[PDB]
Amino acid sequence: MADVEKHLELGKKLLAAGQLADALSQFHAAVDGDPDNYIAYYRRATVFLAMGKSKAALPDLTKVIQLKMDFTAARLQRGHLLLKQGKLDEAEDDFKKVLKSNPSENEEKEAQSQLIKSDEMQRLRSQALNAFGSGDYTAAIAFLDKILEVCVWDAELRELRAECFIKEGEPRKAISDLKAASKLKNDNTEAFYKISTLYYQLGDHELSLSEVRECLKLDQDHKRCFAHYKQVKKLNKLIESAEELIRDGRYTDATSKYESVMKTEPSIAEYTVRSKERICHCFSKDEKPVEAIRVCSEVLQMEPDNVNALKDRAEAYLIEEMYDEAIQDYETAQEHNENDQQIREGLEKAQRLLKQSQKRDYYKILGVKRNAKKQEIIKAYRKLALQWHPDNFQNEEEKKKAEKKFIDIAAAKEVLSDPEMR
């Protein structure tokens, strides 16, 4: 009908304008209106492909083919797709029938180049699995890395490689594949669960949560997903809230939410380690030096390179006027993060005070200002020197201590006469 014509035409304009989502809407309308119009099926597949929707394109393309078996450009299209999906054998059968069908000169060049690739894919697949079967994981990765340049939408193999990075002790390198695999399979809940937990495991709670919400959108009654859901949702509030508080500068509150974070997930180290960094942060930003040093130091026993923990402990040491240990920290921090304005401003501001503290102040032996007025000093000296005379002290060890204060008071008067003021 005219409708199916309008759907296709608006479909066309939209696609051309890059408007994939609504183009798809319209071809959907076009397919429903005339369920036997190969053009509708073809134009939809064309969008699906444009959108990365690998699974959805295939049944539409083979429909186009079922209806119009002479239409070889759709057979070549389905050829390409299946080769992306890593359904090699079938990708070969189409690429070959394309060649047996008076192809275009550009259709011959494609159908051929592809079979050439496909041949290597079959060898690389077999090497990949074989490597994997014997436990040669780094071997398997190298093969698979190559297959997946070409088979970019082989979910199964992506999964295998993720499993490789994992056995290798490199879990984070498996986020891409596992995320990809769930995207392609589209309505497989297990794929969302796997990616949701791998995220959780890495302390990626925000994603993990959103990613399991997907599982449950697919299956409301999925037991395992829901269990995990309760879990990360709980741990998400606690962490989100913890940080809300840290920005309000409610540090002891923040610290309490973090103790809850750790109590809610004890098994995974990252949730314990990262909580401690944040607690270390709370204490330091709260001017609680001994507590900062105690917690921050423990964080560094676990992660000696923790730039954030070093900055917070540095800050603690500054409070304690521990200028050496502050620089040592700001420095060992500067090693791991090369140019940080905060680190550098810390190292200079620590050094300035390390210098100024070694610089003896005769006024610091009593003077009201860097300029105590007139005979205020003479009043201070006579009393102090008379107070602090080793004669005063019967205790031998106590005396020797007065003496240093006496030499100090005396050396003060000596330098506070006439020109020696500067």
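The first residue of the shown sequence is 1; numbering continues from there.
- For the pair 18 to 26 and 409 to 417, the mean Cα B-factor is higher in 409 to 417.
- In this crystal structure, the stretch out of 230 to 238 and 73 to 81 whose C-alpha atoms carry the higher mean B factor is 73 to 81.
- For the set 127, 182, 332, 208, the PDB entry assigns the largest Cα B-factor to 332.
- Take 61, 56, 47, 366 and read off each C-alpha B-factor from the entry; 366 has the highest.
- Ranked by C-alpha B-factor against the other modelled residues of its chain, residue 122 falls in the middle third.
- Among all modelled residues in its chain, residue 319 ranks in the middle third by Cα B-factor.
- Among the modelled residues of the chain, residue 115 sits in the middle third by CA temperature factor in this PDB entry.
- In this PDB entry, residue 350 carries a Cα temperature factor that places it within the highest third of its chain's modelled residues.
- Sorting the modelled residues of the chain by their CA temperature factor places residue 169 in the middle third.
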